[PDB]
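S.K.: Requesting a structural model of the entry that follows:
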Amino acid sequence: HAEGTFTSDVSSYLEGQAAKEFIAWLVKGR
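M.R.: Residues are numbered from 1 along each chain as shown. Right below this line is the structure:
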(Lines give C-alpha, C1' and ligand atoms only; values in the text may rest on other atoms or scores of the structure.)
Protein backbone atom coordinates (compact mmCIF):
# COMPACT_ATOMS: atom_id res chain seq x y z
CA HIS A 1 0.00 0.00 0.00
CA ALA A 2 1.21 3.70 -0.45
CA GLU A 3 -0.17 4.63 -3.88
CA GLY A 4 1.83 2.61 -6.30
CA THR A 5 3.28 0.25 -3.63
CA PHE A 6 1.36 -2.90 -4.77
CA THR A 7 -2.17 -1.26 -4.31
CA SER A 8 -2.13 -0.48 -8.07
CA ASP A 9 -2.88 -4.13 -8.97
CA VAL A 10 -5.93 -4.86 -6.73
CA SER A 11 -7.51 -1.59 -8.00
CA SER A 12 -6.67 -2.04 -11.74
CA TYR A 13 -8.11 -5.55 -11.39
CA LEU A 14 -11.46 -4.21 -9.99
CA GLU A 15 -11.54 -1.85 -13.04
CA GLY A 16 -10.46 -4.55 -15.62
CA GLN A 17 -13.18 -6.75 -14.22
CA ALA A 18 -16.07 -4.22 -13.75
CA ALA A 19 -15.79 -3.09 -17.43
CA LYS A 20 -17.80 -6.20 -18.58
CA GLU A 21 -21.17 -4.51 -17.92
CA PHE A 22 -20.77 -2.08 -20.83
CA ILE A 23 -18.28 -4.22 -22.83
CA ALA A 24 -21.21 -6.62 -23.23
CA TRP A 25 -24.07 -3.96 -23.06
CA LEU A 26 -23.74 -3.22 -26.82
CA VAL A 27 -25.02 -6.84 -27.43
CA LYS A 28 -26.71 -7.19 -24.00
CA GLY A 29 -28.67 -4.06 -25.03
CA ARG A 30 -31.06 -5.78 -27.46
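S.K.: Residue 9 versus residue 20, what's the distance?
M.R.: 19 Å (CB to CB, to the nearest Å). Bear in mind the C-beta positions are built from the backbone N, C-alpha and C, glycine included.
S.K.: Please, where are all the strands along the chain?
M.R.: Applying DSSP state E to the chain gives no strands.
S.K.: what residue lies at the spatial centre of it?
M.R.: residue 15 (1.6 Å; CA atoms, centre = their mean).
S.K.: how many neighbours does residue 10 have?
M.R.: 9 (other CB atoms under 10 Å).
S.K.: How about the one 4 residues further on?
M.R.: Neighbouring residues of residue 14 were enumerated by other CB under 10 Å; the total is 10.
S.K.: Same check on residue 7?
M.R.: Residue 7 has 11 neighbours, counted by other CB under 10 Å.
S.K.: got a list of what it touches?
M.R.: residue 1 (CB atoms under 8 Å, 6 or more residues apart in numbering).
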